[PDB]
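Worksheet: the structure to be examined is printed underneath.
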2 protein chains.
Amino acid sequence: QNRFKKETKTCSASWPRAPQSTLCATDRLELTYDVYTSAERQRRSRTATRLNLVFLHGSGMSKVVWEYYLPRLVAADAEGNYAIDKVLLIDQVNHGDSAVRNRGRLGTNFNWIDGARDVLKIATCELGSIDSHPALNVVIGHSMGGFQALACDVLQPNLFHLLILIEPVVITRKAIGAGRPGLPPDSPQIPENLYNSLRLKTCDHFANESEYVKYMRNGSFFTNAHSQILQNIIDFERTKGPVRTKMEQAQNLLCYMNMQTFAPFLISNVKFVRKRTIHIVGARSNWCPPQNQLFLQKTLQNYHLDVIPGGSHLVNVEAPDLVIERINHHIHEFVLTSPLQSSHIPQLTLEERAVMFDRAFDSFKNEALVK
Amino acid sequence: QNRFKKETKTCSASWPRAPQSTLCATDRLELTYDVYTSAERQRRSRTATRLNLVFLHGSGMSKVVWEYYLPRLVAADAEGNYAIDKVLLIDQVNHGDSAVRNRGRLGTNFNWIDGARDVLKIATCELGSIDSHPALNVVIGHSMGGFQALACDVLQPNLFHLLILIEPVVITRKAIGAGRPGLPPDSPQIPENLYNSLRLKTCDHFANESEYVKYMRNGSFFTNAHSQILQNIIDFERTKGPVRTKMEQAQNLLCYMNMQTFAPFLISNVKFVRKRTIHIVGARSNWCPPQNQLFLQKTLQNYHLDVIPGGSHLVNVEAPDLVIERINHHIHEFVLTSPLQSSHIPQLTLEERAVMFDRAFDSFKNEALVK
C-alpha cells in the first residue's frame, strides 16, 4: 500500500475504567494504533473537505482486518471536492498490538464502553488539529466495533458525522439454563454451549509454525476470509519453536461473557444517535437475534440498511470488496449532500470578535426569547 | 488559607464541542482551574484513603465561591484513616479565569454536557496518578455544577464515588408564550420575563470602582452571600477608571437559554447514576419547579435529601457553614462504610501476573457460565 504514510503510535488508555479492567488497581493500560496520512495534500484546494476514517475491529480480531481496505477506499473526487486525509486503525486494549503492550496488565472485565472511551481519546487527539478543518469524520465498526461506534456518538456526539456499522452486536440472546443463584439483574453470563464452541475456535498457542498455519486456515473463525486478509491475519498474529497469537484466548472469550454489564446503557441511548447511520448486514448471518437488527431500525432516526447477498457475520473479512463498495457509495453520497464547509483560518482581532459575537448573541436571543 | 498548596493550571478544553460553542470553528477553548494539594502526606499511613474533592460552581459564578470552604472541610480523621489529598476548583469555559483566557473565542452555544466533558478531562488527569491510590473521589456541584456532576458520572461512571448536589438544575419550567413559529421540538428558549429580570442582575461593566462595589453589594445575585464570600466574589471578578467583570453578561444569560438542547440526554440517564448521591436543597428555594427535586428522588437509586432550613437557591454562598456541615457529615459517613482499600503498589512479575490472571479468569468463568 503506497497511498498513505503509515505511523504506529502508542498512548495511554482512557482512565478510569470498569472495576477489574486491570489485574491490579495501579496498572495502567496502553493503546497502539496505526495512523495513515494522505500524501495528496498538495492536490487539495482550499475548499476541499478532508475525510477522516476511523475503523473499529470486531471481537477477537484486530486492526489488521482493515488493511486490505486502504487502497480500495473512496478515491479523491474532483467536483465533490473531498479526499481522505487520515485513516485510523485502532486495536482495543485486549487485542492485537495493544494486547502485546498490555501483557500481564489485563483483568477479566472488558467493558466495551471503556473501549469506546479509548477510541474517543485517540480520535479526538488525532483529528483535533486546526489543520484537519474542514473535516468530515466517519466511523466504521464491525461486531463489537459497531457497538463502539454507536457508543462513541453517545459519549461525544460532535465528532463523527457518519456511522457505518457492519454486523453490529447490540442485543444478544439471553441464556436459558441453570445457572448461578442470587445474582444481580445484569450480571455477566454466557451459555455453556456458546463458551465451549467459541473455545474450540479461539486457540492461542501451537506446538510449531506448521500447526499454527494449519489451525488458522482450518480451525479458526477466519477460514473463509478473503485469502489476502487471512494471510494478513496470519502474519500479524504470529508471535514466537512454538507460536502464540497476539490475541489471547482468555481475552477473546471475555469479549462474549460481560455484555449485560454495559449493553443496557447503549441500548437506552441509541435514540440520541442522530447521525446518518448505515447498517450493513450479511444476508446469511444469524449471529445476532432478529431483535438486534430490528431494534436499530426502529431506534436510529436516520437509518439505512444494506444487505450483502451471501454474507455471514464476518462479511467484513469474507466479502470485503462488496463491503467496500458500500462504504464508498455511502461516503460519496454523504459528502455530496453535506452543508458547506468554510475553510479559511479566521484572521480576526479581539475587537472584530467582539462585534461578531454581539451580533450572534442578538440573533440567538431573538430566536430563543418567548415573548 | 494555609492547609493546602495552591497551583493555578490551564489546559485545553475538551474537543469537539456543540456547534457554535466557539465563534469560529477553528477556535479552541481553554480551561483554568486551581489545584489544592495536602501538605499532610507525611502523616498518611500506608492504608490511609486519599479523598479528592472536585467542586463545580453554579451558573454566573466561578470557582471562587468555594474558597471559603477549603479550611472548613472534613478534618483528617484518625481511625477512619482518611485525609483530603487534592481539591480541584474549576471555572467552566465561559466563567471566571477561563472566560478571561477565552476572550473573543466563545460562541452562543454553551452546552453543559460539553462542560462536564471539561470536568472529566481535568479530573481524570489530576486524579489519575498511581500516587492518588487508594482514593475516594467526591464531586460537589451547585446549580449548573450539580447537573454537571450527574453528567460526569453518566459519561465516566468509574471516577466519582460520592455526588453531592446543591440545588441542582435539571428540570426547568417550560415557557408558555408566543413564541417563535416552526422550531424543532427541543429548541433553545427562555421566557422574556425571566430574561429581562436576569439581565438586571447580571451587569458586567461599570463607570468606576465605587459603582462596581455598589452594584455587587446591592444589585447583583450575591447581595445576601456570606460577607467573606461576597468579598471574595468582588475581588475575584474585578478587572480594570471603568471596571468589567470576568463573568460576561451575555455568557451569564446564555447559561439560561439553551437547556432544551442538552437536558433530555441527562434526564434520560439519571437512572444509570448508581452512586450515593446527596441532594442538598434550600427550604425557601422555588428556583426550580417541584418536578426537578421529585425527579431526582424517584430516579437516583441511592439518594439522600438534606434540607437547609431558611436556604435559598444560593444556599452554597449564603449559608456556607450549614452546607459545609452537611458535606463533612456525608463524606465522613461514606468513608466509614466504604470497602477496603488495598494500598500496596504491586511488585509482580509477568509470570506472577499470568498465574493471577488465570486464577481470576477461572473464577469469573465459573460465575458467568450458565450450565
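Note on naming: chains are A, B, ... as they come in the C-alpha cells, residues start from 1 per chain, ligands start from 1 in the order shown.
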- request: From stretch 34-110 of chain A, collect each residue whose DSSP state is strand (DSSP E) and return the set as a list in words.
  value: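 Here are the strand (DSSP E) residues of stretch 34-110 of chain A: residues 34, 35, 36, 37, 38, 49, 50, 51, 52, 53, 54, 55, 56, 82, 83, 84, 85, 86, 87, 88, 89 and 90 of chain A.
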What are the residues of chain B that have an atom within 7 Å of an atom of chain A, counting only C-alpha atoms, as an mmCIF file with N, CA and C atoms, in the first residue's frame?
data_model
loop_
_atom_site.group_PDB
_atom_site.id
_atom_site.type_symbol
_atom_site.label_atom_id
_atom_site.label_comp_id
_atom_site.auth_asym_id
_atom_site.auth_seq_id
_atom_site.Cartn_x
_atom_site.Cartn_y
_atom_site.Cartn_z
ATOM 1 N N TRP B 15 -12.601 18.564 23.388
ATOM 2 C CA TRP B 15 -12.892 18.816 21.950
ATOM 3 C C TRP B 15 -13.298 17.502 21.367
ATOM 4 N N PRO B 16 -14.276 17.523 20.452
ATOM 5 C CA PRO B 16 -15.097 18.605 19.935
ATOM 6 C C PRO B 16 -16.218 18.968 20.860
ATOM 7 N N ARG B 17 -16.944 19.998 20.439
ATOM 8 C CA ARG B 17 -17.953 20.677 21.224
ATOM 9 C C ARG B 17 -19.194 20.876 20.361
ATOM 10 N N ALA B 18 -20.289 21.240 21.018
ATOM 11 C CA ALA B 18 -21.538 21.513 20.301
ATOM 12 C C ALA B 18 -21.259 22.636 19.272
ATOM 13 N N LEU B 23 -16.767 31.037 18.443
ATOM 14 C CA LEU B 23 -17.112 31.974 17.408
ATOM 15 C C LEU B 23 -16.770 31.413 16.048
ATOM 16 N N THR B 26 -12.396 26.972 13.912
ATOM 17 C CA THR B 26 -11.012 26.743 14.279
ATOM 18 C C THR B 26 -10.538 27.241 15.622
ATOM 19 N N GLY B 104 -12.991 36.481 23.324
ATOM 20 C CA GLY B 104 -13.079 36.546 21.861
ATOM 21 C C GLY B 104 -13.329 35.182 21.171
ATOM 22 N N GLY B 107 -18.640 31.292 21.628
ATOM 23 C CA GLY B 107 -19.888 31.445 20.846
ATOM 24 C C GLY B 107 -21.147 31.431 21.723
ATOM 25 N N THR B 108 -22.305 31.279 21.084
ATOM 26 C CA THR B 108 -23.605 31.397 21.770
ATOM 27 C C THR B 108 -24.078 30.052 22.362
ATOM 28 N N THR B 124 -9.691 13.579 35.399
ATOM 29 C CA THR B 124 -9.083 12.319 35.127
ATOM 30 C C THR B 124 -7.561 12.433 35.049
ATOM 31 N N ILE B 130 -0.750 7.034 39.807
ATOM 32 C CA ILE B 130 -0.602 5.835 40.613
ATOM 33 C C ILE B 130 -0.370 6.262 42.086
ATOM 34 N N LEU B 155 -21.136 9.937 31.858
ATOM 35 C CA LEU B 155 -20.181 9.814 30.806
ATOM 36 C C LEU B 155 -18.925 8.990 31.234
ATOM 37 N N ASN B 158 -16.706 5.602 36.466
ATOM 38 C CA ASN B 158 -15.716 4.937 37.300
ATOM 39 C C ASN B 158 -14.873 5.938 38.072
ATOM 40 N N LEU B 159 -15.226 7.222 38.036
ATOM 41 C CA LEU B 159 -14.421 8.242 38.647
ATOM 42 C C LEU B 159 -14.960 8.650 40.033
ATOM 43 N N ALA B 175 -41.403 27.473 29.162
ATOM 44 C CA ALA B 175 -42.005 28.756 28.796
ATOM 45 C C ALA B 175 -43.366 28.550 28.116
ATOM 46 N N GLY B 177 -46.034 31.068 26.096
ATOM 47 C CA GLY B 177 -45.913 32.383 25.418
ATOM 48 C C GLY B 177 -45.856 32.250 23.895
ATOM 49 N N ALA B 178 -45.693 33.374 23.190
ATOM 50 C CA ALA B 178 -45.812 33.396 21.710
ATOM 51 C C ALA B 178 -44.751 34.307 21.032
ATOM 52 N N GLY B 179 -43.482 33.864 20.872
ATOM 53 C CA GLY B 179 -43.049 32.444 20.823
ATOM 54 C C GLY B 179 -42.785 32.093 19.352
ATOM 55 N N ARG B 180 -41.559 31.679 19.028
ATOM 56 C CA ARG B 180 -41.105 31.611 17.614
ATOM 57 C C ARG B 180 -41.656 30.387 16.771
ATOM 58 N N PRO B 188 -33.590 25.917 21.680
ATOM 59 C CA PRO B 188 -33.362 26.799 22.806
ATOM 60 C C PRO B 188 -34.477 27.845 23.021
ATOM 61 N N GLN B 189 -34.825 28.081 24.268
ATOM 62 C CA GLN B 189 -35.922 29.016 24.622
ATOM 63 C C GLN B 189 -35.747 29.577 26.017
ATOM 64 N N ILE B 190 -36.234 30.780 26.207
ATOM 65 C CA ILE B 190 -36.249 31.371 27.509
ATOM 66 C C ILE B 190 -37.478 32.308 27.547
ATOM 67 N N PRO B 191 -38.225 32.353 28.676
ATOM 68 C CA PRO B 191 -39.335 33.320 28.716
ATOM 69 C C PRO B 191 -38.779 34.734 28.873
ATOM 70 N N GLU B 192 -39.391 35.677 28.195
ATOM 71 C CA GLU B 192 -38.979 37.072 28.186
ATOM 72 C C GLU B 192 -38.868 37.665 29.576
ATOM 73 N N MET B 257 -30.503 29.849 28.435
ATOM 74 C CA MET B 257 -31.251 29.998 27.197
ATOM 75 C C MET B 257 -31.196 28.732 26.345
ATOM 76 N N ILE B 345 1.528 -0.825 46.051
ATOM 77 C CA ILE B 345 1.864 -0.824 44.612
ATOM 78 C C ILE B 345 2.459 -2.203 44.306
ATOM 79 N N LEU B 350 5.785 -10.630 35.325
ATOM 80 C CA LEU B 350 4.902 -11.053 34.257
ATOM 81 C C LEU B 350 4.365 -12.488 34.563
ATOM 82 N N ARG B 353 1.862 -12.377 37.315
ATOM 83 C CA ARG B 353 0.645 -11.823 36.699
ATOM 84 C C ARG B 353 -0.122 -12.867 35.901
ATOM 85 N N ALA B 354 0.578 -13.761 35.227
ATOM 86 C CA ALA B 354 -0.018 -14.827 34.449
ATOM 87 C C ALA B 354 -0.822 -15.818 35.313
ATOM 88 N N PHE B 357 -3.923 -13.943 36.791
ATOM 89 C CA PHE B 357 -4.940 -13.781 35.792
ATOM 90 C C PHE B 357 -5.659 -15.079 35.536
ATOM 91 N N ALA B 360 -8.066 -15.639 38.163
ATOM 92 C CA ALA B 360 -9.185 -14.693 38.044
ATOM 93 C C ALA B 360 -10.128 -15.107 36.959
ATOM 94 N N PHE B 361 -9.585 -15.501 35.831
ATOM 95 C CA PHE B 361 -10.387 -15.941 34.711
ATOM 96 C C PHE B 361 -11.171 -17.193 35.071
ATOM 97 N N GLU B 367 -18.450 -18.067 37.564
ATOM 98 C CA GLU B 367 -19.591 -17.252 37.928
ATOM 99 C C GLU B 367 -20.467 -16.925 36.662
ATOM 100 N N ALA B 368 -19.872 -16.801 35.487
ATOM 101 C CA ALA B 368 -20.639 -16.402 34.302
ATOM 102 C C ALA B 368 -21.298 -17.546 33.518
ATOM 103 N N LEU B 369 -20.727 -18.739 33.599
ATOM 104 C CA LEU B 369 -21.164 -19.790 32.725
ATOM 105 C C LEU B 369 -22.545 -20.271 33.214
ATOM 106 N N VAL B 370 -23.530 -20.297 32.306
ATOM 107 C CA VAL B 370 -24.869 -20.792 32.630
ATOM 108 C C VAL B 370 -24.889 -22.238 32.122
ATOM 109 N N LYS B 371 -24.878 -23.190 33.052
ATOM 110 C CA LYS B 371 -24.625 -24.620 32.719
ATOM 111 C C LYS B 371 -25.779 -25.392 32.059
#
message: Just checking: using only C-alpha atoms, which residue out of A:163, A:267, A:87, A:331 ends up closest to residue A:52?
response: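 Of A:163, A:267, A:87, A:331, the one nearest residue A:52 is A:87, counting only C-alpha atoms.
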Residue B:247 environment, 8 Å, only C-alpha atoms, sequence neighbours closer than 5 positions dropped, as a PyMOL selection string: chain B and resi 60-61+94-96+99+204+237+252
query: Could you pull the residues within 12 Å of residue B:222, counting only C-alpha atoms, minus those fewer than 2 positions along the same chain, as a ChimeraX atom specification?
result: /B:60-61,65,201-202,213-220,224-234,312-319
message: Excluding residue B:92 and its own-chain neighbours fewer than 6 positions away, which residues fall within 12 Å of it when counting only C-alpha atoms? Please give them as a VMD selection string.
response: chain B and resid 10 12 to 14 29 to 33 55 to 63 98 to 102 106 110 to 120 122 144 to 145 148 246 to 247 251 to 252 255
task: Please indicate the distance in Å from atom CA of residue A:270 to atom CA of residue B:303, rounded to one decimal place.
output: 27.0 Å
